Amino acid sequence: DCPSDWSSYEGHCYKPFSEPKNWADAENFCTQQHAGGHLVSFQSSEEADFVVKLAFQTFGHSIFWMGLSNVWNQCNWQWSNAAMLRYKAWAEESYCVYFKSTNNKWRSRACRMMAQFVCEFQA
């Protein structure tokens, strides 16, 4: 069972928040709302559906941070002409994953930017 301010779904407790935070601050904030707290993660289609529905019922049209950060930073970026990647001119340094309260599709946004979010903890 979950705290009255959280919503349960298959042995997990979820709670959306309104105060916009960049990805890092949101995640950290989550860890401070209950033991073992973190940004929500999706292991199934039904779970994500439940979270979307909740976010919408809670705040309506909006966007919320998901527990995935620096998603392409560990990928292998390289010049097709095989030149050493040295000079950098990135508009953004890292991207993070979020979803909008209307559907369960994964979208991308710069991690330094802000968004609402959903926190989660087990059992």
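Residue numbers run from 1 along the displayed sequence. We call the rigid core whatever largest set of C-alpha positions still superposes within 1.5 Å between the two forms.
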| query | finding |
| --- | --- |
| 85 to 93 against 52 to 60 - segment lying farther from this form in 5 other deposited structures of this protein (CA RMS, rigid core fit) | 85 to 93 |
| Stretch exceeding the other in mean C-alpha B-factor - 63 to 71, 84 to 92 | 84 to 92 |
| Residue 114 - which third its CA temperature factor falls in, relative to the rest of the chain | highest |
| Modelled-residue ranking by C-alpha temperature factor, third containing residue 53 | middle |
| Third of the chain, ranked by Cα B-factor, where residue 18 sits | highest |
| Chain-relative CA temperature factor third for residue 103 | middle |
